[PDB]
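Notes follow the structure.
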Amino acid sequence: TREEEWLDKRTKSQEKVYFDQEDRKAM
Amino acid sequence: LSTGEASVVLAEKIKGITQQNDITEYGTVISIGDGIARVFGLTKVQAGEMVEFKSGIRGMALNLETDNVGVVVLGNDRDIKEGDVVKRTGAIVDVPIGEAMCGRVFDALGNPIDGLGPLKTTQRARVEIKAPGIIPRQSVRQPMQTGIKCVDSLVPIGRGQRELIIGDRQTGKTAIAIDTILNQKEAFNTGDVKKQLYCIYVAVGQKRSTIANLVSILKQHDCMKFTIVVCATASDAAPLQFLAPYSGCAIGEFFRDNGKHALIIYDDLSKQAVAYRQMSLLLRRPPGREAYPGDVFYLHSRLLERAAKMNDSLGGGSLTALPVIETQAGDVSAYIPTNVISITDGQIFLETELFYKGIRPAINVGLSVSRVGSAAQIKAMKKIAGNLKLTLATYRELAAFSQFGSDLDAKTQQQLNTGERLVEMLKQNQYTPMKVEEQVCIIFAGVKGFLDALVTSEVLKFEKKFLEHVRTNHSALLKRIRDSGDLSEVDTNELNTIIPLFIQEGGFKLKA
Amino acid sequence: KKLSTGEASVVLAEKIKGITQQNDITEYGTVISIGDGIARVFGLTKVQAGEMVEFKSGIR
Amino acid sequence: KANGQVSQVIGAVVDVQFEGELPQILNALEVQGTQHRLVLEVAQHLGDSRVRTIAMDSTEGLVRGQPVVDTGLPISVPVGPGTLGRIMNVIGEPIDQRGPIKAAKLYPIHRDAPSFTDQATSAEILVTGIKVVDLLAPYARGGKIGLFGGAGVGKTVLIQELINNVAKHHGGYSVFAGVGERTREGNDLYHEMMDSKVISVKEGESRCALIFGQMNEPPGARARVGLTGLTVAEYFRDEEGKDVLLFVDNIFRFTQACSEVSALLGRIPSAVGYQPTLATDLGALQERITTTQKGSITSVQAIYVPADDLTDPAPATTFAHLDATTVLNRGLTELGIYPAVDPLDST
Amino acid sequence: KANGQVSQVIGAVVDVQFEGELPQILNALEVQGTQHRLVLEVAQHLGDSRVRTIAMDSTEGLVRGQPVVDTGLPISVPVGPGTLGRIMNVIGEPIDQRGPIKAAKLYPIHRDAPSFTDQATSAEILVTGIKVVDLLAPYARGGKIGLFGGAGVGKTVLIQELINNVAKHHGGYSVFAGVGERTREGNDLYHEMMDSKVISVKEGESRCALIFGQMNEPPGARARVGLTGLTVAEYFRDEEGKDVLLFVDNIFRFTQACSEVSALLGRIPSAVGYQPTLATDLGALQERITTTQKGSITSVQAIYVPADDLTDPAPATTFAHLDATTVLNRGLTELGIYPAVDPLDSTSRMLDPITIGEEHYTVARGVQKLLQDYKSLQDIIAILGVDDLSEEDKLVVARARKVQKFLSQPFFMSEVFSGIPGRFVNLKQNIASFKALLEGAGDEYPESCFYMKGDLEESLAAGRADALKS
Amino acid sequence: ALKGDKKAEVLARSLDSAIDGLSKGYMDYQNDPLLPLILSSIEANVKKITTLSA
Amino acid sequence: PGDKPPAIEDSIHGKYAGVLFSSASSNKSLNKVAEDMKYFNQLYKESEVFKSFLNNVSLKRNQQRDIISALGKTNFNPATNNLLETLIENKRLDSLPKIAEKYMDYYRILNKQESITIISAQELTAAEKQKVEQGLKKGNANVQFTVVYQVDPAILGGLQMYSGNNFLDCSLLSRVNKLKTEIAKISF
Amino acid sequence: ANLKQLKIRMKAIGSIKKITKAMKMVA
Ligand SMILES: Nc1ncnc2c1ncn2[C@@H]1O[C@H](COP(=O)(O)OP(=O)(O)OP(=O)(O)O)[C@@H](O)[C@H]1O
Ligand SMILES: Nc1ncnc2c1ncn2[C@@H]1O[C@H](COP(=O)(O)OP(=O)(O)O)[C@@H](O)[C@H]1O
Ligand SMILES: Nc1ncnc2c1ncn2[C@@H]1O[C@H](COP(=O)(O)OP(=O)(O)O)[C@@H](O)[C@H]1O
Ligand SMILES: [Mg+2]
Ligand SMILES: [Mg+2]
Ligand SMILES: [Mg+2]
């Protein structure tokens, strides 16, 4: 029973995917 | 040596036996209960001094009061009665040490319980002795191979540090300790004294049936020849459970001061705190938080702080400690676990969820850490270990997006799959230690991404088949990695070329 | 009971001797124990609660 | 000779003043001049010829200074084939109104645990018929089993099922020990055992012994009733040598009983009020329940989780001594799943 | 001639029976007949010519009736340049095996703090080379500095960097008091200072003192060894107007050690088992560590947070005495950022627009507000994601991540772990670097380059290098 | 030796060696008959085995 | 002897016994108080009514003083009279017997005479015992002592002496065990 | 039962309910 970890992982996961694509365009 | 010459020396030795007896003060017990004996008189007695009762059982004088003396019964206190005689021996608690200790099973006091025969030893060291200073120590720069892939790769343990095996009940805490002892057996067979590691297992508050099963496994694998087992069962009095850790620790100092390498494994210390708490409460001492004594922190600190890497001036010996801690419900915020974590260098967190999800050894790499770091790993390991940590770090992040789904970038799918290969790679069965050189090859194929080709369910078996294929055909490669301890460029090209080749050779599910 | 802090050796010794000399028990007291910044003074009768007292050295 | 005299009576703890030759610890003392004979086990020597003891029966009616006789030996209960099919008391007295028990010898309930040399593995699975149990946490005959559960979760019903599936078909003898439970189950179990033909009045039958320490007994009785039944089991293990099924009802009462009397004995409370000797006292009782070269004892022990707090010291320390574990969850019962076994907690 | 004698021995507490002329409290008593020199500190007068003391060495081997000598003064330790570059014991014994310590005189470890009229407080920026520190929580030369960190968070390695960056090239002397920590770290630091030439065997050199109260020492010694190190710094302060750098290791062990014996001393346990005199015992030490007219002391003391619970009484009371605060967060370590300095919790008394330049104060708050806003977005981003956010919020999250990652700085002490050589960042380059990011100078380049960099220019150069590489 | 069959001298010698210790501050078994008795048996086996290297 | 009792203790009975011994031994007298306290011990155990009086705690101070005066105002050392008055003021009359006994212990420690007990399995012949006296005498040769005999040991032909608080083992049983253990640890 | 953990999980559910309630308004 750990929902705080669920939100934390969701935050890091989605942010990484979003900015990972932006890193390509930035380069 | 001729048989006649040895017999004469044997007879001459029996001739030279001295026995002197001096006046020893004795006192009467004012009261006796729960293993605590209040003694009248018996003055000029030293703290912690050994005393013997009428029946023949020993005792330790801990509380020296102006009125009486508080003594703890080191055994069964049924025969003790009011007014009985208590004779002081005049020597602090000690235990026998030497090489004959290997291959036997002793108790907290040091008596062998195997039933084979009496202990043939002449050296006895004090149980509690001041730890080494700052100068005698030395930087830890030698690896202590445990045989586990995840441990030897992510959490390297160097000879002379202190690693904490922390977890909940039935989380594989004992499984890790057994795998380490089994791995050191190979180094013992080969004539490499610089890598021999004597194993010491301290059992505190454990059912004898479990310890019996433990010893049988060692004999089964022939790993008991270099193992020492100290037993402090639940039926044993609390002082025995309190001294067994320090008792076995003194046995390790023998190999330490003699330039040798010894590995001591302290079982759950929470049981020691209960025995130490019980011993303190029955002495009418003021209790602290959670009913434990105030100096409970000094207990584990004094015990673990002795493990160190002696400098070359004293022989270069080392003593490695692997204390274990059992958590109630995975709560590491408790008092005892918090203290032990701050005392040791690194700690291995075991998770119950990972255990049931097939991740065995259930190791949480996110929290585990080691102060020595790459300073202990070999050249061929540091290079591959660094990239392994980064890859696993990203995989834990993308774990959430897997549920999100609905889309997956080309690279994310690779990183997601690549990490899955490593997790499936680090898994290891029970009683199956792996050689350091073999791990380098398998761990290498994982980070490079070759495991992404075959299906995950076939990665575990691929490990076995790959290693066997290497040992037979590619034997010179393993020798170079072992002797030199470095992964040269020539080995990389050869290894980098056979790993994709072998996957195509063997019959596997190539469809990712 | 266990013991009474007022049963010091100095005070009990005076009783056994039989000499009824307290050296102006009123307005004066003798320190019996000192610990953690709190010193218990025997005697010193007629002292009001929360009242200032002067020690031998001079501190209040 | 009545060398002892009641010094003070405090609940279940009674002190006795002797003139000389104090009894050893754990020795049994009998008070004189009181119906329903009271047995007192020596626990501590307070000094000045005063010894502190625990009462097995209600202490109401005792008078300070009443004489006390010293038996010189610990509580000795009858053991042998006579106890088979017979209900005994914490002090070995029969409470089934069946007559005197025919026992060859009387063994003391206080004995040291088997040594390290006399130990056997006996790694053989025990098929109980329950799929959830045999799948996740399969029981092995000759090993220790532990049933953890809260108030009204299915511990008793689970014990009854095992007795119906295992005890009946079992070949060797059996021993049932109840510690701090409702007497109704003891009566229903006894009559149910007779109806099933598992036990009968005819000599040579009833390969099972019954022991009861129901709640009606005061403190000290529920803490030593287990030793009484356990001694009956050790006899069959060593002397008879055949397999034994030692059914032990909720044992938390034992540890609780010690805590109920520890405060009276002058012991400092533990973290959450328990006695400081919980580990040692429980260990001496647990180390004796083990399989050896003479015989095997498959023990099914129930553990009551106080307030459903598995982190409590009493149940937590019990896990280390158990081989097979079956933790019962109340959440499953609410859903209607029976047996409410937690597969992720049943190790 | 010994007047006292041992009467009671339980654990680390030892009682002495005196015949006359009882020793004052805090006095040092010498027990005769012990294999090692044992010193007892008078703590309480129990009456009947009885005194309760705490043992500095292991009480094993003592005997009731053993004669005890009264020194007539508290524990006196050698002071002066002779202690520079040498390890010393709680009672002044040299445990470095380099011989006896030469001291012009002996000062007591117990003394009254300086008066209020002669406080002479002053604020002066201390360029420690760490950009995250010099920006958000600037340090003041001569003021206390607190490093709040949990178990295995990186506070020990951070102290080593401050020494490597601050201790060296310092005109004045430095003192290092390590209490309660493991001895392994002590040997490493000793060898480190020797290799780094901070300490040497040649006399007239080694402008740095080392004091160790590691775990191997028993209770009582770990609670007073800290006072020994302070006395050395006080000597270098009063006798010479030289700035002293006091590097104190984890101090929670001090309050912890007192609680280990507080029970046996007779005190009633506190809410969390600590001694009732926690505030007073800590206040007597903090008040003594301060700048005065004679000299100044820049004390860098670390506070161990057990179980990452900042509400514990011990650290809670310490916040009131500290000038600069550095709270370490465990979440950052999981992300890989080092030093894991919590930007929001960490504060500095020097963080005032009047004290420091307005530009420095502006850039500081600009980063704090940026990170605070990004934290609130984490909630909605978890369910909806960054895509569902507005263009305004996207830029906030974008720059916030780049600034957060840019805070990470590799130091020399972390090379063995990471493998990248340490780097030093100036205050001017630090403020200018973050000021540009707040304006969007680096919003174009990827956030990957703004990680473990010293200056913004280094990040831009790495960005261009990655382009030509692909 | 603990049994009969000429055990008298063993006890008689033990008494003599006992009073010697009592009269002195400590007790040493220089005159105990157990040690020479054991050595005699051991020396017999040594002589028996010590015949020649062959 | 320096008005310092043999030992110092914080116990209730120990505290009063020490102060009395020191105060008594201070001026001139120690035996006078010893006989006084000994009288209370004999009367405390012989007269039942006297025992209930001391144990009685609900009695008033003024009432206790009157009954004590009725017992006797003379033949008791002033230290004893002042001791009783102190107990009545501190309600410590119930602890009177323990104080009396404890006081005698200290006085018995000052006594030079000591009892030596010899433990032997075989019966000690008249001629043999005579030799034992010369050994014990020559051992000390500076203090008179009384010898006591007790023969019920488990050892055989062994001698074990108990002299007040010292123990010296001359038993043959100790010799047997020592050799059997060393012969086992030969480690040939 | 480790109040620190429970209070954190309560905070998480509070935010979820908040964001969950807000999404309904936009819905
Ligand atoms: N790596 C593993 N691989 C396969 N099986 C395992 C592994 N680890 C544990 N098991 C199984 O878990 C059970 C024992 O677990 P283990 O004793 O190793 O953990 P533990 O923490 O020491 O338990 P406890 O705290 O009760 O002593 C056994 O059933 C074992 O087969
Ligand atoms: N700058 C760093 N960068 C990355 N990892 C680090 C860094 N510093 C420490 N680690 C890790 O921190 C651990 C040491 O923690 P430590 O500073 O000793 O905490 P504590 O002060 O409580 O002892 C080491 O395992 C080390 O690998
Ligand atoms: N196998 C079962 N199947 C369905 N219902 C059950 C089952 N076992 C118990 N119930 C219900 O659970 C309740 C509690 O079971 P019980 O064993 O008596 O708990 P306790 O340990 O407190 O005695 C029973 O009264 C019974 O009504
Ligand atoms: Mg285990
Ligand atoms: Mg039930
Ligand atoms: Mg640290």
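Residue numbers (our numbering), protein chains in the order written: chain E, 22 to 48; chain R, 58 to 569; chain B, 179 to 238; chain Y, 77 to 423; chain A, 1310 to 1779; chain Z, 2 to 55; chain X, 92 to 279; chain F, 2 to 28.
Positions of the beta carbon are idealized from the N, C-alpha and C atoms, including for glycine.
Might you give, ordered along the chain, the residues of its own chain that have their beta carbon closer than 8 angstroms to the beta carbon of residue i, omitting 5 neighbours on each side?
i: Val1534(A); result: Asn1398, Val1399, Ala1486, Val1488, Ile1520, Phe1521, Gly1522, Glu1526
i: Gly1529(A); result: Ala1321, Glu1350, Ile1363, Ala1364, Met1365, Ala1566, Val1570
i: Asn368(R); result: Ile192, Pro193, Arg194, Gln195
i: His531(R); result: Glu551, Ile555
i: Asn133(R); result: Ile114, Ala294
Of all the options the options, which has the alpha carbon lying nearest to the alpha carbon of residue i?
i: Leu303(Y); options: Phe395(Y), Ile171(Y), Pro184(Y); result: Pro184(Y)
i: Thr1392(A); options: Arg1597(A), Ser1424(A), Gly1381(A), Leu1415(A); result: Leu1415(A)
i: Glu243(R); options: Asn120(R), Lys144(R), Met281(R), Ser273(R); result: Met281(R)
i: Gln1610(A); options: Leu1554(A), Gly1374(A), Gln1344(A); result: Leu1554(A)
i: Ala55(Z); options: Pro302(R), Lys505(R), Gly61(R), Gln485(R); result: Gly61(R)
i: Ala396(Y); options: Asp352(R), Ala365(R), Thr231(R), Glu139(R); result: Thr231(R)
i: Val1614(A); options: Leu1587(A), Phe1545(A), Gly1455(A); result: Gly1455(A)
Once the 5 residues before and after residue i are set aside, which same chain residues still bring their CB inside 6 angstroms of it?
i: residue 573(R); result: A question about residue 573(R) goes unanswered here, because the residues of chain R that appear run from 58 up to 569.
i: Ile87(R); result: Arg95, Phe97, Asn125
i: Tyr107(X); result: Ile190
How would you call residue i, buried or exposed, if buried means at least 16 neighbouring beta carbons within 10 angstroms?
i: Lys229(X); result: exposed
i: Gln277(R); result: exposed
i: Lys1464(A); result: buried
i: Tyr413(R); result: exposed
i: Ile216(B); result: exposed
For the beta strand (DSSP E) containing residue i, name the first residue and the last one.
i: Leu3(Z); result: No beta strand (DSSP E) holds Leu3(Z); DSSP gives it neither H nor E.
i: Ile257(R); result: 255-261
i: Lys144(R); result: 142-149
i: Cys288(R); result: 284-289
Can you give me the start and stop residues for the alpha helix (DSSP H) that residue i sits inside?
i: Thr451(R); result: 436-461
i: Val429(R); result: Run containing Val429(R): none; DSSP gives neither H nor E here.
i: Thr1392(A); result: Unbroken run through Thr1392(A): none, as it is neither H nor E.
Ordered along the chain, which non-local residues of its own chain (more than five positions away) have a Cβ less than 7 angstroms from that of residue i?
i: residue 428(Y); result: Missing from the structure shown is residue 428(Y); chain Y here goes from 77 to 423 and no further.
Problem - Beta carbon nearer than 6 angstroms to a non-hydrogen atom of ligand 3 - result: This selection yields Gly225(Y), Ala227(Y), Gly228(Y), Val229(Y), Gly230(Y), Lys231(Y), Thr232(Y), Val233(Y), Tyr414(Y), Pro415(Y).
Handout entry: Contact shell at 6 angstroms, judged by CB to any heavy atom of ligand 4, ordered along the chain
Key = So the residues near ligand 4 by this Cβ test are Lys230(R), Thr231(R).
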